[PDB]
Structure formats: structure tokens, C-alpha cells
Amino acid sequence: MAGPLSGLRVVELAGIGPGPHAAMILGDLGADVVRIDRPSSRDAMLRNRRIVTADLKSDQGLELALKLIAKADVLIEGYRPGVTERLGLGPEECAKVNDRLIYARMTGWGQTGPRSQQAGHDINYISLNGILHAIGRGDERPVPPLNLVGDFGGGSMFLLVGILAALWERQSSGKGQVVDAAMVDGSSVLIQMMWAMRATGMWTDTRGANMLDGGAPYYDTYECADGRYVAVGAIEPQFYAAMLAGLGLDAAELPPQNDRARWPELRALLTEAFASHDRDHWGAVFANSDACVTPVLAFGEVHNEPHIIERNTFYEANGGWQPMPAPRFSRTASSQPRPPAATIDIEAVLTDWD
């Protein structure tokens, strides 16, 4: 099996949220990943996986599950606090059969505190920690950044960092441990830049009035003549100037870049410039440029972008394109993900692992 986590044995207790994402990625990098589903798949998030059936409420299922967990490096679960404990799969029960296990717990709210048993989704976790208030235009109610920021970026990604951090520790202590990964904590670290900039007076709580939230006329999208969009990220003055020259606008006839009092006027000027040609024009004009102008591509167009193609960011599956693993490694490269491996019997897996 190809990649830098060849060897690594992962047991994943089937649940819904980010937990699979973290499991996918480990598999992506060549880890051995067995997911225990209930008895009762076309979801491409389940790639790089062997699937097995096991009723965990049963006595037979609990026995066979605890066997797998015995000869393995990592467990992932994302049930509410208490569920694994009441199943007899909790940390303590697991430590008894394998004190080398990395016990990874994917929740939104964390293992303790007043919200810990409340149901929720991505949007709830980021509602409470300030993130969601800060996404959107100022004349508009906040907008969910899909579920990128809580479930994945501040969620699964931190589960992964915790796992692999713990595996490092285990090389120098012999012992596993519990990784407590709460979306509400991870997302807060994800946005640590804003918390820092707040302290230096460099970020306000006013939505859509900051450098990075769409309030800066030079960090935003613009509609073009065809109704499609470009992105502009010309923060640095030298890139901004480049952007102006390519728009045919003369810097002396514009307000200063960062006179925020005149951003309305500046947005007016850039809006008229960008609206006078279609998106593809601007893409071509600003190719190889440092203007920080790129076409805003829809999912369907991504397979035609030269830089996407030539770097093999995507690979083909049934039902269409999917992203190749990330990041990349020089010696032990990852490899094209395999589909999910149709129900193995949990027995046959136990044979396979010693």
C-alpha cells in the first residue's frame, strides 16, 4: 500500500460527521483503514477503506470489535460523549486490550460542558465562537461557508493532527492516549489570525468591513460582462498597482488603496472596469501576472483549468472527478484512491492482521 502511513492500522466506528474525512485522509496516505458499519457504497468519502458489518449492541459484535481494536494503532469515533463508554468500547475498556491505541474522538462541542449532549452541525459550532458572524457582506445576514470551517478545517483536520501528534509521542513512551478533537476548539485555532489581529486593533467585529472579509475593494470578487466572476486578492501595493495597470486605470485618478473612507468610490471604479469584459478576458490578461486576479471557476469548469490538469489535482471516478490526496511526498508518494472494498467479513480481516 502506497504512501507515508503504510503500516498504520486504523479502526473507524461508522458515524456521520467529519470523522470519515479524517479516516479518508489517513487511508489516502496509505494507512490500513477498517470501518465497522452496522448491518442494514457510492459515497466517495468512503474510499481507501475496507468495510465490515458488526452490531455493536450485540455481545458478539463487541467482542469482534475489541479484537480489531486490539491489533491496531488508531481508533476514530464521532458519537456523542458517553456512547462508546456505554457500548463497552470507551477509552478505559480499549486501553485494557491495547495500551498502544490512539483513541480519537470527533465531536463538535467537546467531551464536557453544557452543550456536550446537544445535537448540532457545522453551522452551530462556528456560531458560538465568532467565526460565523464574520462571514458575509455587511448588509446581509451571515453566510455559512459550507461546512468547510467547522467539520473539516477546524474538525477532521485537527483530529488528524492530534492522531499523528500522538503517534509521535507513542514512539517515545510506548503508550497511546485519547485525542479530544472539538470543532469549536479547532475552528477557533483555525481563525487564530483574526483573534490576533483583533488585539492589535487590526480587525473589527463589523461584518464586511475588514481586509479579508470582502470589505476591501482589492480583496473581493467582481462581476464581469458575461455575469461570471473574477477574484481579486491584490493586498500588497505592488500587486495592486499591477492590477490597476491591467484594468487600464490610472492610479493618480483613484483614491488611495487603503483610504477606507473612499472604498465605496474605489469599488465603483473597479466594478465598472471589471464589468466591461467577460471573465475569460481577465483570466487571459492576468495570466502569468502578479495582479492577484483569477477567474472564479464553478466545480464543472475545474477539469478544464490548465494548472489543475497538469498537476493532477483531480482523478476520475464513477460519477466524475474527485481530488487526489494531499499533501504530496517526494519519496513515498500517495496513490490513486481505491473504491471502498465491498463488505469483508470482520473475521477475514482478523486473519489478515496477525
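Heads up: residue numbers just count along the shown sequence, starting at 1.
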* **Where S40 meets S41 in the shown sequence, the number of deposited residues left unmodelled** => 4 to 9
* Looking at the deposited entry, does 92 to 100 or 235 to 243 carry the larger mean Cα B-factor? -> 92 to 100
* Select between 8 to 16 and 336 to 344 the stretch whose C-alpha atoms have the higher average B-factor in the entry. => 336 to 344
* When the CA B-factors of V293, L62, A298, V285 are compared as recorded in the entry, which is the largest? -> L62
* Using the entry's values, work out which of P327, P306, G319, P323 has the largest Cα B factor. => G319
* Going by what the PDB entry lists, where does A251 fall on CA B-factor within its chain: lowest, middle or highest third? -> middle
* Structure fact -> Of the three thirds of Cα B-factor ranks in this chain, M202 occupies the highest
* To do: Could you tell me which third, lowest, middle or highest, the C-alpha B-factor of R170 occupies within its chain?
  => highest
* To do: For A261, return the chain-relative third of its C-alpha B-factor as stated in the PDB record: lowest, middle or highest.
  => middle
* To do: Tell me, lowest, middle or highest third: where does the Cα B factor of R86 rank within its chain?
  => highest
